[PDB]
């Protein structure tokens, strides 16, 4: 049994109250108050559509993934990663795909900086899409489940689906469950072929063990995974630590 599986069993035993006190203990988060009020009022400039813009921004500002050229955003949802990339000087085009419909978020039209190079398409299940030529491959898909065997399947399916979209490109891919042994096996194989490293984002909640496979980095995957499992187990051992609360991102306005 992996440390992550022990973390998973403990998370599943939590009451709603304990889960709610655990999920943001010691994490980092952006203050969404201003963006939510603006979005409610139909404002189309400055605001990020979701917490995702700040989440991807954390990797980009650390040079872990450097978006350039034609960017593909798989599972774009409302479009947080797509509107963020649209404002980056090296980026020429942003194509976002998302499933939509019941249980899924629809793209939100915005007029933030670089909006004119963005095309978000709903009704697109990536597991049925042929791969396209692109310079940057982004993927934020992976639905949590109380079952880590369900999550193992979902994770391996994402890893296999993204691979042909990967051919010497910049990339940032969510790995929903990186602790299951069969997931580690695939990740090690992918790292030997495409390089990169698994990174834990401080804006991720404690209720998910997600890590992101980014192109610009190196390291031991197993080691990084176990450090996350230890971190998340340690966060059950003490009273809730209020999160670091930061300013949300300003995505500006106008065309590029």
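Residue numbers count along the first chain shown, from 1.
If you average the C-alpha B-factors over 227-235 and over 36-44, the higher value belongs to 36-44. Stretches 116-124 and 166-174 differ in mean CA B factor, with 166-174 having the higher one. Based on the entry's C-alpha B-factors, the most elevated value among 190, 214, 27, 56 belongs to 190. Taking only the listed residues 151, 105, 140, 185, the entry reports the highest CA temperature factor at 185. Ranked by Cα temperature factor within the chain, residue 49 sits in the lowest third according to the deposited record. Annotation for residue 79: CA B-factor lies in the lowest third of the chain's modelled residues.
In the PDB entry, residue 144 places in the middle third of its chain by CA B-factor. Remark: residue 109 belongs to the middle third of its chain, ranked by C-alpha B-factor as recorded. Sort the modelled residues of the chain by CA B factor and residue 62 lands in the middle third.
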